[PDB]
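Undergrad: There's a structure below that I have some questions on.
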Amino acid sequence: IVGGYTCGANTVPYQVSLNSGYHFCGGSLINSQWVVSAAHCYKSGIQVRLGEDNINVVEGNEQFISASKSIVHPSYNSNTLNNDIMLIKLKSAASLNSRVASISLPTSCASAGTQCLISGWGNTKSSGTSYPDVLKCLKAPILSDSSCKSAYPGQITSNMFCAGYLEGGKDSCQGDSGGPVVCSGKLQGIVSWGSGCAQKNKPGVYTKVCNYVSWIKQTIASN
Ligand SMILES: NCc1ccccc1
Ligand SMILES: [Ca+2]
């Protein structure tokens, strides 16, 4: 997250870190046994880390649970990033409390102008590299589809939205991928892609979760 603020420990209780020896992507806890992330975060050998603030220090609220099954969306296209969404089943159920909690799936799609919360452990610089150890947060609005398509001609599908600031300075970044965009208490987006971080006229692009609720629910019900 570039241009954000320190969230505070366990203030984003649905945020998970995906770990393969190191943090590599975010995700969101959607019930006691399932996480949603980005398909482009797929790899074998995932441990899901719940209850994290500092990812390099054991602080006392963590739960570390290995994945039993990963399911990339049937229509994920790694060249265009269309359908950039993946479900991860935990080997055992997490213990839910105020500091580790699920986020609800949306009933309706959010409109442009809605303010959302984006969070992650990704790079904090637009030029160069600095990776934080504690969770960072950013408040950002959903942009109109027309602004999004004008920023990224030929690249925005109906399964994507833009959020952020056309003036730059505040954005998600590498290492935030897979993490949540929460608006009005519901999971509306997944950190997906963009051109660089926090550059003028190049806002972040997010997977539009409201298009996937039926697939998510059906998949959970049968796996
Ligand atoms: N600035 C959007 C973004 C998010 C994740 C990875 C790359 C770029
Ligand atoms: Ca920790």
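So you can find residues: chains in the structure tokens are A, B, ... in the order shown, residues in each start at 1, and ligands are numbered from 1 in order.
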What residues have any atom no more than 9 Å from ligand 2 when counting only C-alpha atoms and all ligand atoms, and can you list them as a ChimeraX atom specification?

TA: /A:49-62,133-134

Undergrad: Residues at most 6 Å from ligand 1, using only C-alpha atoms and all ligand atoms? Could they come as an NGL selection string?

TA: :A and (171-174 or 176-177 or 191-197 or 204)

Undergrad: Quick one: write out the picked residues with C-alpha atoms as an mmCIF file, in the first residue's frame?

TA:
data_model
loop_
_atom_site.group_PDB
_atom_site.id
_atom_site.type_symbol
_atom_site.label_atom_id
_atom_site.label_comp_id
_atom_site.auth_asym_id
_atom_site.auth_seq_id
_atom_site.Cartn_x
_atom_site.Cartn_y
_atom_site.Cartn_z
ATOM 1 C CA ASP A 171 -2.700 2.920 -4.310
ATOM 2 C CA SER A 172 -2.237 -0.793 -3.707
ATOM 3 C CA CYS A 173 1.041 -2.341 -4.850
ATOM 4 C CA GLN A 174 3.067 -5.544 -5.264
ATOM 5 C CA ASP A 176 -1.035 -6.558 -1.732
ATOM 6 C CA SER A 177 -2.402 -8.848 -4.461
ATOM 7 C CA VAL A 191 -6.436 -6.603 -5.329
ATOM 8 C CA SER A 192 -5.569 -7.668 -8.891
ATOM 9 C CA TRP A 193 -3.382 -5.463 -11.110
ATOM 10 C CA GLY A 194 -2.400 -2.047 -12.407
ATOM 11 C CA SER A 195 0.440 -0.290 -14.137
ATOM 12 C CA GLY A 196 2.983 0.386 -11.432
ATOM 13 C CA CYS A 197 1.779 1.841 -8.145
ATOM 14 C CA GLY A 204 -5.538 0.062 -9.216
#

Undergrad: Can you tell me, as a ChimeraX atom specification, what residues are no more than 10 Å from residue A:132 when counting only C-alpha atoms, ignoring any on the same chain fewer than 5 positions away?

TA: /A:1,6,54-56,120-124

Undergrad: Save the residues we just selected, N, CA and C atoms, as a PDB file, in the first residue's frame?

TA:
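Output saved as result_24.pdb:
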ATOM      1  N   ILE A   1       0.885  -1.204   0.000  1.00  0.00           N
ATOM      2  CA  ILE A   1       0.000   0.000   0.000  1.00  0.00           C
ATOM      3  C   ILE A   1       0.903   1.228   0.000  1.00  0.00           C
ATOM      4  N   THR A   6      -0.989   3.052   8.992  1.00  0.00           N
ATOM      5  CA  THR A   6      -0.897   1.813   9.764  1.00  0.00           C
ATOM      6  C   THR A   6      -2.265   1.463  10.324  1.00  0.00           C
ATOM      7  N   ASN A  54       2.195  -7.809  12.722  1.00  0.00           N
ATOM      8  CA  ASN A  54       3.576  -7.908  12.275  1.00  0.00           C
ATOM      9  C   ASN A  54       3.827  -9.334  11.782  1.00  0.00           C
ATOM     10  N   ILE A  55       4.098  -9.485  10.485  1.00  0.00           N
ATOM     11  CA  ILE A  55       4.287 -10.811   9.891  1.00  0.00           C
ATOM     12  C   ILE A  55       5.635 -11.438  10.208  1.00  0.00           C
ATOM     13  N   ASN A  56       6.528 -10.702  10.881  1.00  0.00           N
ATOM     14  CA  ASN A  56       7.840 -11.205  11.267  1.00  0.00           C
ATOM     15  C   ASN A  56       7.991 -11.456  12.765  1.00  0.00           C
ATOM     16  N   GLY A 120      -3.075  -4.368   3.162  1.00  0.00           N
ATOM     17  CA  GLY A 120      -2.072  -5.355   2.810  1.00  0.00           C
ATOM     18  C   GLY A 120      -0.691  -5.020   3.332  1.00  0.00           C
ATOM     19  N   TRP A 121       0.204  -5.974   3.094  1.00  0.00           N
ATOM     20  CA  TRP A 121       1.614  -5.933   3.467  1.00  0.00           C
ATOM     21  C   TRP A 121       2.529  -5.689   2.267  1.00  0.00           C
ATOM     22  N   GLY A 122       1.998  -5.130   1.187  1.00  0.00           N
ATOM     23  CA  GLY A 122       2.784  -4.891  -0.004  1.00  0.00           C
ATOM     24  C   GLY A 122       3.661  -3.657   0.069  1.00  0.00           C
ATOM     25  N   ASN A 123       4.363  -3.435  -1.032  1.00  0.00           N
ATOM     26  CA  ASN A 123       5.321  -2.344  -1.162  1.00  0.00           C
ATOM     27  C   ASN A 123       4.638  -1.013  -0.856  1.00  0.00           C
ATOM     28  N   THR A 124       5.371  -0.139  -0.167  1.00  0.00           N
ATOM     29  CA  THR A 124       4.885   1.167   0.221  1.00  0.00           C
ATOM     30  C   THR A 124       5.453   2.301  -0.622  1.00  0.00           C
TER      31      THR A 124
END

Undergrad: Please tabulate, as a Markdown table, the residues of stretch 175-221 of chain A that come within 6 Å of stretch 88-109 of chain A, each with its closest pair of atoms and the distance in Å to one decimal, counting only C-alpha atoms and ordering rows by chain, then residue number upward.

TA:
| residue | atom | partner | partner_atom | distance |
| --- | --- | --- | --- | --- |
| A:186 | CA | A:104 | CA | 5.1 |
| A:187 | CA | A:105 | CA | 5.4 |
| A:210 | CA | A:109 | CA | 5.3 |

Undergrad: Within 9 Å of residue A:203, counting only C-alpha atoms, which residues qualify if same-chain residues fewer than 3 places away don't, as a ChimeraX atom specification?

TA: /A:143,148,151,162-168,170-172,194-200

Undergrad: Could you dump the residues just selected with C-alpha atoms as a PDB file, in the first residue's frame?

TA:
ATOM      1  CA  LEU A 143     -14.088   5.026  -9.843  1.00  0.00           C
ATOM      2  CA  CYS A 148     -11.440   3.176 -15.537  1.00  0.00           C
ATOM      3  CA  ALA A 151      -7.188   4.926 -17.995  1.00  0.00           C
ATOM      4  CA  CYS A 162     -10.912   0.652 -10.681  1.00  0.00           C
ATOM      5  CA  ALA A 163     -10.478   2.261  -7.288  1.00  0.00           C
ATOM      6  CA  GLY A 164      -8.128   4.950  -6.056  1.00  0.00           C
ATOM      7  CA  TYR A 165      -7.064   8.380  -7.184  1.00  0.00           C
ATOM      8  CA  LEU A 166      -6.380   9.565 -10.713  1.00  0.00           C
ATOM      9  CA  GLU A 167      -3.930  12.111  -9.315  1.00  0.00           C
ATOM     10  CA  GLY A 168      -1.786   9.233  -8.018  1.00  0.00           C
ATOM     11  CA  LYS A 170      -2.235   6.461  -3.001  1.00  0.00           C
ATOM     12  CA  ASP A 171      -2.700   2.920  -4.310  1.00  0.00           C
ATOM     13  CA  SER A 172      -2.237  -0.793  -3.707  1.00  0.00           C
ATOM     14  CA  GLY A 194      -2.400  -2.047 -12.407  1.00  0.00           C
ATOM     15  CA  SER A 195       0.440  -0.290 -14.137  1.00  0.00           C
ATOM     16  CA  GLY A 196       2.983   0.386 -11.432  1.00  0.00           C
ATOM     17  CA  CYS A 197       1.779   1.841  -8.145  1.00  0.00           C
ATOM     18  CA  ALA A 198       0.376   5.261  -7.354  1.00  0.00           C
ATOM     19  CA  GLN A 199       1.186   6.740 -10.767  1.00  0.00           C
ATOM     20  CA  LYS A 200      -0.951   9.499 -12.239  1.00  0.00           C
TER      21      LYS A 200
END

Undergrad: Skip residue A:137 itself and residues of its chain fewer than 2 positions away, then list as an MDAnalysis selection string all residues within 7 Å of it, counting only C-alpha atoms.

TA: chainID A and resid 1 4:7 117:120 135 139

Undergrad: Save out the residues we just selected, C-alpha atoms, as a compact mmCIF listing (two decimals), in the first residue's frame.

TA:
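The resulting file, out_4.txt, is shown below:
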# COMPACT_ATOMS: atom_id res chain seq x y z
CA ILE A 1 0.00 0.00 0.00
CA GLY A 4 -1.74 4.60 3.39
CA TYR A 5 -1.75 4.44 7.17
CA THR A 6 -0.90 1.81 9.76
CA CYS A 7 -4.17 -0.04 10.37
CA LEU A 117 -10.93 0.01 2.67
CA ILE A 118 -7.96 -1.70 0.99
CA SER A 119 -5.29 -3.40 3.12
CA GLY A 120 -2.07 -5.35 2.81
CA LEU A 135 -0.54 -4.16 8.03
CA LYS A 139 -9.38 4.44 2.09

Undergrad: Go through stretch 31-129 of chain A and collect every residue that DSSP, computed from the backbone, puts in strand (DSSP E); the answer should be as a ChimeraX atom specification.

TA: /A:31,34-37,47-50,63-72,86-90,115-120

Undergrad: For stretch 74-76 of chain A, list every protein, DNA or RNA residue within 9 Å, evaluated using only C-alpha atoms, and leave out those in the same chain fewer than 2 positions away; present the list as a PyMOL selection string.

TA: chain A and resi 39-40+71-72+78+80-86

Undergrad: What residues in chain A get the DSSP label alpha helix (DSSP H)? Please answer as a list in words.

TA: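 Written out, the alpha helix (DSSP H) residues of chain A are residues 145, 146, 147, 148, 149, 150, 151, 213, 214, 215, 216, 217, 218, 219, 220 and 221 of chain A.
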
Undergrad: Take the residues that were just selected and, keeping N, CA, C and O atoms, output them as a compact mmCIF listing (two decimals), in the first residue's frame.

TA:
# COMPACT_ATOMS: atom_id res chain seq x y z
N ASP A 145 -16.85 3.41 -14.27
CA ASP A 145 -16.37 2.54 -15.34
C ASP A 145 -15.78 3.36 -16.48
O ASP A 145 -14.78 2.94 -17.08
N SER A 146 -16.36 4.52 -16.78
CA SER A 146 -15.84 5.35 -17.87
C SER A 146 -14.43 5.85 -17.56
O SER A 146 -13.56 5.83 -18.44
N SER A 147 -14.17 6.28 -16.32
CA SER A 147 -12.82 6.70 -15.96
C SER A 147 -11.85 5.53 -16.03
O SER A 147 -10.71 5.67 -16.50
N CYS A 148 -12.28 4.36 -15.56
CA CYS A 148 -11.44 3.18 -15.54
C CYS A 148 -11.05 2.76 -16.95
O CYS A 148 -9.88 2.50 -17.23
N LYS A 149 -12.03 2.72 -17.86
CA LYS A 149 -11.77 2.35 -19.25
C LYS A 149 -10.92 3.39 -19.96
O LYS A 149 -10.13 3.04 -20.83
N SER A 150 -11.04 4.65 -19.58
CA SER A 150 -10.22 5.69 -20.19
C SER A 150 -8.77 5.59 -19.73
O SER A 150 -7.86 5.97 -20.49
N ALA A 151 -8.54 5.13 -18.50
CA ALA A 151 -7.19 4.93 -17.99
C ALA A 151 -6.52 3.70 -18.62
O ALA A 151 -5.31 3.71 -18.83
N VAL A 213 -20.45 -14.34 -6.65
CA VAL A 213 -21.04 -14.87 -5.43
C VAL A 213 -21.68 -16.23 -5.67
O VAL A 213 -21.55 -17.12 -4.83
N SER A 214 -22.36 -16.43 -6.80
CA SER A 214 -22.97 -17.74 -7.06
C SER A 214 -21.93 -18.84 -7.17
O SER A 214 -22.10 -19.93 -6.61
N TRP A 215 -20.84 -18.57 -7.89
CA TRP A 215 -19.76 -19.54 -8.01
C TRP A 215 -19.14 -19.84 -6.65
O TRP A 215 -18.87 -21.00 -6.33
N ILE A 216 -18.89 -18.82 -5.85
CA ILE A 216 -18.31 -19.04 -4.53
C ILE A 216 -19.21 -19.94 -3.70
O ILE A 216 -18.77 -20.92 -3.11
N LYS A 217 -20.50 -19.58 -3.62
CA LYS A 217 -21.41 -20.33 -2.77
C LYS A 217 -21.56 -21.77 -3.23
O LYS A 217 -21.58 -22.69 -2.41
N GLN A 218 -21.68 -21.99 -4.53
CA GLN A 218 -21.83 -23.35 -5.04
C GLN A 218 -20.58 -24.17 -4.79
O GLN A 218 -20.65 -25.34 -4.43
N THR A 219 -19.41 -23.55 -4.98
CA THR A 219 -18.16 -24.26 -4.80
C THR A 219 -17.96 -24.66 -3.34
O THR A 219 -17.61 -25.80 -3.05
N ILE A 220 -18.21 -23.75 -2.41
CA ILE A 220 -18.10 -24.09 -1.00
C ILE A 220 -19.05 -25.22 -0.65
O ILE A 220 -18.69 -26.14 0.10
N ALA A 221 -20.27 -25.17 -1.17
CA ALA A 221 -21.29 -26.15 -0.78
C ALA A 221 -20.93 -27.58 -1.18
O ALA A 221 -21.49 -28.53 -0.62

Undergrad: Looking at only C-alpha atoms, which of A:154, A:15, A:223, A:188 is the one that sits closest to residue A:68?

TA: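 Once distances to residue A:68 are computed over only C-alpha atoms, the minimum belongs to A:223.
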
Undergrad: I'd like the interatomic distance between atom CA of residue A:156 and atom CA of residue A:77, to a tenth of an Å.

TA: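 Taking atom CA of residue A:156 as the start and atom CA of residue A:77 as the end point, the length is 13.1 Å.
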
Undergrad: Just to confirm, what's the straight-line distance from atom CA of residue A:115 to atom CA of residue A:161 in Å (one decimal)?

TA: 13.2 Å
